[PDB]
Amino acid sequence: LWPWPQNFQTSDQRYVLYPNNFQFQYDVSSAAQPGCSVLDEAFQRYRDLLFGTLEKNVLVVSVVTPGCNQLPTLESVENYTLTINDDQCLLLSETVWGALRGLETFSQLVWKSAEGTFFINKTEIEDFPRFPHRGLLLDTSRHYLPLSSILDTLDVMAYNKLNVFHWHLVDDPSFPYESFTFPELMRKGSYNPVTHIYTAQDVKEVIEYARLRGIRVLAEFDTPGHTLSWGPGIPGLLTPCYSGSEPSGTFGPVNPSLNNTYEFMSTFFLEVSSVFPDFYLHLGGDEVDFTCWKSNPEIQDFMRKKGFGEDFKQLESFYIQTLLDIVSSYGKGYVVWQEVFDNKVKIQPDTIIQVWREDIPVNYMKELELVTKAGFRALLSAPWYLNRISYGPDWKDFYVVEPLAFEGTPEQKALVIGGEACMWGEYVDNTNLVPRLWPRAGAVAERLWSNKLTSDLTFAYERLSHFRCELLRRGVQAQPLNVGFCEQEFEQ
């Protein structure tokens, strides 16, 4: 089992399963019934994974009705109970998304002996996630990622019970997103206007694919920093840096002193809010350099009119405030990096802050304290930067992290809604994504789902390594934790 359930009562009493004659059926009592897109496909997908006294059936009953066509939200309940004994074999979930979790848990409990016989132990489970926001970040800018690689990642996120896909579509070196409101962004920003592109068809497939797995799609079009690929296509958007008197070629962050800029963002983010159905959008706001703005004389003049002065922290605030209003008018929530909070930017009470920095300006645990005491919600990602590789089993570092290990009151700590693992693509693409992702990302997966008390490294290794071999069986190219072997070694 991975991740480890909140309440799992095991036994040694076993039952025999039948690969072919095993079927998933709804209970007449259930809210979700034949026609439930999510579960119909789930039953099919899981029977392929498993089989691609005795038990022939598995009853699935959802109490909360809310269809199977509407996408998951931050408020969605993932509670479920797995009851398997002599009398019954029932999977009782509160919602449709809890059933998905239940099926995954069920899939890992199915085992086979040295004879090859399929079995299933007498089990009683009462499970639920510790945090509602369990995400994983992919950087499709520094290196383009084929649609197949993204869909594969979503398949494994489902195995680890991760429910948020932090899509970092664009950045400095590449703009692979194809915009229909501004077609020049993709045509002159992407590495290649044809082969390395994300169409409207690609995006809607990701969303629906993720939806079937009960995964939210958090889109991030980082602004005003990390926007070098925006330059060409939409002229005048970026800030032309200065040497002193005349401009010297290089461009900086988005120019917040032009009317053209705000009418562009209003039109562009209208599309973004239309394409991505999720309630929240990530607006970035990280690593914003004030150097290029200060050097520019035309921008220096702008701050004297509005009366900001010498601090660009409130100049940045002016940009983000306006940007938040635009996105807020479309009925969209928003997540933002920690810089926005650190730079005292006028911010809406419902904004979520994502802690990513380790030491500067303050320790990441001290950050969660400030953000929560300030009243805002927070995501933790600081110690979960998978892109930062090191020798040995650093998954133990990720696993031992305690998100609520800071100074605060019960309700203050309740503002922490989870976190995300981050795979920045500076040194990662289609060639080494999977092995570098899993099963290191599984360490974060369990820490965000399981209970505070599940922390034994020895117990973690046993299950994670066992889960690692299972991943390989499912076709996942996951790297080894340490010396050892899987009977079915990876070979494709």
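Don't overthink the numbering: it's just position in the shown sequence, from 1.
Undergrad: What is the count, as a class, of unmodelled deposited residues between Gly35 and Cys36: none, 1 to 3, 4 to 9, or 10 or more?
TA: None; the chain is continuous from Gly35 to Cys36.
Undergrad: Hey, which bit's got the bigger mean C-alpha B factor in the entry, 380-388 or 286-294?
TA: Comparing 380-388 with 286-294, the higher average CA B-factor belongs to 286-294.
Undergrad: Tell me which stretch, 297-305 or 371-379, has the higher mean Cα B-factor listed in the entry.
TA: Comparing averages over the C-alpha atoms only gives 297-305.
Undergrad: When you compare the CA B-factors of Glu104, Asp155, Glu407, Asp139 as listed in the entry, which one comes out on top?
TA: Result of the comparison over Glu104, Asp155, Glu407, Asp139: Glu407.
Undergrad: Among the choices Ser248, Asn160, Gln108, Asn363, identify the one whose CA B-factor in the record is greatest.
TA: That would be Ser248, according to the entry.
Undergrad: Comparing against every modelled residue in the chain, figure out the third that the C-alpha B-factor of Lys413 lands in (lowest, middle or highest).
TA: As the PDB entry reports it, the C-alpha B-factor of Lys413 lands in the highest third of its chain.
Undergrad: Sorting the chain's modelled residues by C-alpha B-factor, tell me whether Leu49 ends up in the lowest, middle or highest third.
TA: Middle third.
Undergrad: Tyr330: which third of its chain by C-alpha temperature factor?
TA: For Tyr330, whose C-alpha B-factor we compare with every modelled residue in the chain, the answer is the highest third.
Undergrad: Test of reading the entry: by CA B factor among the chain's modelled residues, which third contains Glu55?
TA: Answer is highest: the recorded C-alpha B-factor places it there.
Undergrad: Considering only modelled residues of the same chain, in which third does the CA B-factor of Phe8 rank: lowest, middle or highest?
TA: As the PDB entry reports it, the C-alpha B-factor of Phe8 lands in the middle third of its chain.
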